[PDB]
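Data file: run-v1.pdb. Format and content: PDB, C-alpha atoms.
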```pdb
ATOM      1  CA  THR V   1      22.236  11.572  38.936  1.00  0.00           C
ATOM      2  CA  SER V   2      21.659  15.242  39.679  1.00  0.00           C
ATOM      3  CA  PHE V   3      24.222  17.979  39.871  1.00  0.00           C
ATOM      4  CA  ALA V   4      23.643  18.198  43.630  1.00  0.00           C
ATOM      5  CA  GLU V   5      24.355  14.474  44.025  1.00  0.00           C
ATOM      6  CA  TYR V   6      27.575  14.711  42.009  1.00  0.00           C
ATOM      7  CA  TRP V   7      28.626  17.880  43.897  1.00  0.00           C
ATOM      8  CA  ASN V   8      28.022  16.247  47.274  1.00  0.00           C
ATOM      9  CA  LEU V   9      30.635  13.599  46.533  1.00  0.00           C
ATOM     10  CA  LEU V  10      33.425  16.224  46.464  1.00  0.00           C
ATOM     11  CA  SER V  11      35.665  16.136  49.538  1.00  0.00           C
ATOM     12  CA  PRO V  12      38.387  18.844  49.255  1.00  0.00           C
TER      13      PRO V  12
ATOM     14  CA  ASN H  25      37.172  25.282  61.999  1.00  0.00           C
ATOM     15  CA  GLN H  26      36.819  28.114  59.491  1.00  0.00           C
ATOM     16  CA  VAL H  27      38.821  29.020  56.387  1.00  0.00           C
ATOM     17  CA  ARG H  28      39.136  32.403  54.721  1.00  0.00           C
ATOM     18  CA  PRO H  29      38.430  32.478  50.965  1.00  0.00           C
ATOM     19  CA  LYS H  30      40.757  34.630  48.912  1.00  0.00           C
ATOM     20  CA  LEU H  31      39.112  37.578  47.143  1.00  0.00           C
ATOM     21  CA  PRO H  32      38.343  35.952  43.684  1.00  0.00           C
ATOM     22  CA  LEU H  33      36.610  32.943  45.283  1.00  0.00           C
ATOM     23  CA  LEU H  34      34.977  35.102  47.972  1.00  0.00           C
ATOM     24  CA  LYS H  35      33.229  37.173  45.188  1.00  0.00           C
ATOM     25  CA  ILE H  36      31.776  33.949  43.785  1.00  0.00           C
ATOM     26  CA  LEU H  37      30.511  32.835  47.193  1.00  0.00           C
ATOM     27  CA  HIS H  38      28.976  36.270  47.796  1.00  0.00           C
ATOM     28  CA  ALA H  39      27.286  36.066  44.390  1.00  0.00           C
ATOM     29  CA  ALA H  40      25.552  32.927  45.687  1.00  0.00           C
ATOM     30  CA  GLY H  41      24.380  34.640  48.847  1.00  0.00           C
ATOM     31  CA  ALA H  42      27.184  33.945  51.298  1.00  0.00           C
ATOM     32  CA  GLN H  43      27.683  36.620  53.901  1.00  0.00           C
ATOM     33  CA  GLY H  44      30.915  37.598  55.616  1.00  0.00           C
ATOM     34  CA  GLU H  45      34.504  36.466  55.089  1.00  0.00           C
ATOM     35  CA  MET H  46      34.926  33.242  57.139  1.00  0.00           C
ATOM     36  CA  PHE H  47      33.367  29.836  56.432  1.00  0.00           C
ATOM     37  CA  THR H  48      33.736  26.197  57.148  1.00  0.00           C
ATOM     38  CA  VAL H  49      34.888  24.189  54.100  1.00  0.00           C
ATOM     39  CA  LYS H  50      31.402  22.613  53.978  1.00  0.00           C
ATOM     40  CA  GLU H  51      29.910  26.076  53.854  1.00  0.00           C
ATOM     41  CA  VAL H  52      32.355  27.078  51.021  1.00  0.00           C
ATOM     42  CA  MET H  53      31.290  24.027  49.059  1.00  0.00           C
ATOM     43  CA  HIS H  54      27.603  24.765  49.737  1.00  0.00           C
ATOM     44  CA  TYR H  55      27.837  28.309  48.377  1.00  0.00           C
ATOM     45  CA  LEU H  56      30.056  27.375  45.415  1.00  0.00           C
ATOM     46  CA  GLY H  57      27.494  24.697  44.531  1.00  0.00           C
ATOM     47  CA  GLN H  58      24.716  27.236  44.952  1.00  0.00           C
ATOM     48  CA  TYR H  59      26.477  29.556  42.499  1.00  0.00           C
ATOM     49  CA  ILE H  60      26.525  26.807  39.929  1.00  0.00           C
ATOM     50  CA  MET H  61      22.865  25.876  40.521  1.00  0.00           C
ATOM     51  CA  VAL H  62      21.320  29.320  40.708  1.00  0.00           C
ATOM     52  CA  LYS H  63      23.213  30.416  37.585  1.00  0.00           C
ATOM     53  CA  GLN H  64      22.084  27.195  35.849  1.00  0.00           C
ATOM     54  CA  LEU H  65      25.604  26.336  34.782  1.00  0.00           C
ATOM     55  CA  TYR H  66      25.287  22.569  34.914  1.00  0.00           C
ATOM     56  CA  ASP H  67      24.032  20.672  31.902  1.00  0.00           C
ATOM     57  CA  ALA H  68      20.452  19.503  32.675  1.00  0.00           C
ATOM     58  CA  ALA H  69      21.000  16.385  30.613  1.00  0.00           C
ATOM     59  CA  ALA H  70      24.529  15.558  31.881  1.00  0.00           C
ATOM     60  CA  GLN H  71      24.530  17.158  35.292  1.00  0.00           C
ATOM     61  CA  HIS H  72      28.191  16.604  36.160  1.00  0.00           C
ATOM     62  CA  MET H  73      29.182  18.948  33.312  1.00  0.00           C
ATOM     63  CA  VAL H  74      29.424  22.605  34.257  1.00  0.00           C
ATOM     64  CA  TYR H  75      29.544  25.245  31.547  1.00  0.00           C
ATOM     65  CA  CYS H  76      30.855  28.357  33.258  1.00  0.00           C
ATOM     66  CA  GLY H  77      32.103  30.124  30.142  1.00  0.00           C
ATOM     67  CA  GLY H  78      33.629  33.495  30.926  1.00  0.00           C
ATOM     68  CA  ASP H  79      31.845  34.051  34.242  1.00  0.00           C
ATOM     69  CA  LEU H  80      33.725  34.632  37.471  1.00  0.00           C
ATOM     70  CA  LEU H  81      34.131  30.911  38.118  1.00  0.00           C
ATOM     71  CA  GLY H  82      35.363  30.200  34.542  1.00  0.00           C
ATOM     72  CA  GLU H  83      37.856  33.062  34.833  1.00  0.00           C
ATOM     73  CA  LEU H  84      39.114  31.801  38.186  1.00  0.00           C
ATOM     74  CA  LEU H  85      39.515  28.281  36.786  1.00  0.00           C
ATOM     75  CA  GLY H  86      40.904  29.467  33.408  1.00  0.00           C
ATOM     76  CA  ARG H  87      38.444  27.137  31.645  1.00  0.00           C
ATOM     77  CA  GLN H  88      35.023  27.421  30.050  1.00  0.00           C
ATOM     78  CA  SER H  89      33.760  24.097  31.435  1.00  0.00           C
ATOM     79  CA  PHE H  90      34.737  21.328  33.836  1.00  0.00           C
ATOM     80  CA  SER H  91      33.319  18.018  35.091  1.00  0.00           C
ATOM     81  CA  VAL H  92      32.439  17.327  38.713  1.00  0.00           C
ATOM     82  CA  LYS H  93      33.480  13.662  37.972  1.00  0.00           C
ATOM     83  CA  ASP H  94      37.040  14.983  37.387  1.00  0.00           C
ATOM     84  CA  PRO H  95      37.524  17.330  40.282  1.00  0.00           C
ATOM     85  CA  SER H  96      41.311  17.781  40.325  1.00  0.00           C
ATOM     86  CA  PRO H  97      41.106  21.262  38.764  1.00  0.00           C
ATOM     87  CA  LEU H  98      38.474  22.253  41.339  1.00  0.00           C
ATOM     88  CA  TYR H  99      40.612  20.980  44.177  1.00  0.00           C
ATOM     89  CA  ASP H 100      43.584  22.946  42.766  1.00  0.00           C
ATOM     90  CA  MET H 101      41.501  26.140  42.687  1.00  0.00           C
ATOM     91  CA  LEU H 102      40.217  25.524  46.195  1.00  0.00           C
ATOM     92  CA  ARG H 103      43.760  24.966  47.529  1.00  0.00           C
ATOM     93  CA  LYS H 104      44.945  28.223  46.014  1.00  0.00           C
ATOM     94  CA  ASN H 105      41.871  30.181  47.134  1.00  0.00           C
ATOM     95  CA  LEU H 106      41.220  29.030  50.705  1.00  0.00           C
ATOM     96  CA  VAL H 107      43.449  30.107  53.542  1.00  0.00           C
ATOM     97  CA  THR H 108      43.317  27.397  56.135  1.00  0.00           C
TER      98      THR H 108
END
```
Produce structure tokens that represent the structure in this file.
Amino acid sequence: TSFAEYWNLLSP
Amino acid sequence: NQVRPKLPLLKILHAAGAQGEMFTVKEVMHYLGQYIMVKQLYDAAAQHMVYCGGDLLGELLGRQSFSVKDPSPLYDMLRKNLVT
């Protein structure tokens, strides 16, 4: 799992 | 709808190429992600770990690293630094 894929899961 | 980043977060977004002072939250997240990628702060072998050290983002968070899998501290920073 790439950084971008982890980062896209954020939902502030 | 747009939000207005407070000055310490706005500097980070500008450092990643954002222009202007007003952004959607998706745009804020895009540029904050771009800061982390273009500065190569994530660990290439464990890509949820971000080693920001003493850079602007580490100073704003008061931490030298954080994990995207544990985003509470990010969400706290975003709450304090985005005027909705």
Can you work out which residues from chain V touch chain H at a cut-off of 7 Å (counting only C-alpha atoms) and hand them back as a PDB file with C-alpha atoms, in the coordinates of the input?
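See out30.pdb below for the written result:
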```
ATOM      1  CA  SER V   2      21.659  15.242  39.679  1.00  0.00           C
ATOM      2  CA  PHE V   3      24.222  17.979  39.871  1.00  0.00           C
ATOM      3  CA  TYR V   6      27.575  14.711  42.009  1.00  0.00           C
ATOM      4  CA  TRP V   7      28.626  17.880  43.897  1.00  0.00           C
ATOM      5  CA  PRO V  12      38.387  18.844  49.255  1.00  0.00           C
TER       6      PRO V  12
END
```
Interatomic distance (Å, one decimal) between CA of residue 52 (chain H) and CA of residue 78 (chain H):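 So the two atoms, CA of residue 52 (chain H) and CA of residue 78 (chain H), lie 21.1 Å apart.
Straight-line separation from CA of residue 63 (chain H) to CA of residue 4 (chain V): 13.6 Å.
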Selection: 9 Å around residue 55 (chain H), only C-alpha atoms, excl. self and same-chain fewer than 4 positions, as a ChimeraX atom specification: /H:36-42,50-51,59-60
For CA of residue 25 (chain H) and CA of residue 106 (chain H), the interatomic separation in Å (one decimal): 12.6 Å
Residues returned when the PyMOL selection byres ((chain H and resi 31) around 12) runs on this file, as a PyMOL selection string: chain H and resi 28-30+32-38+44-46+80+84+104-107
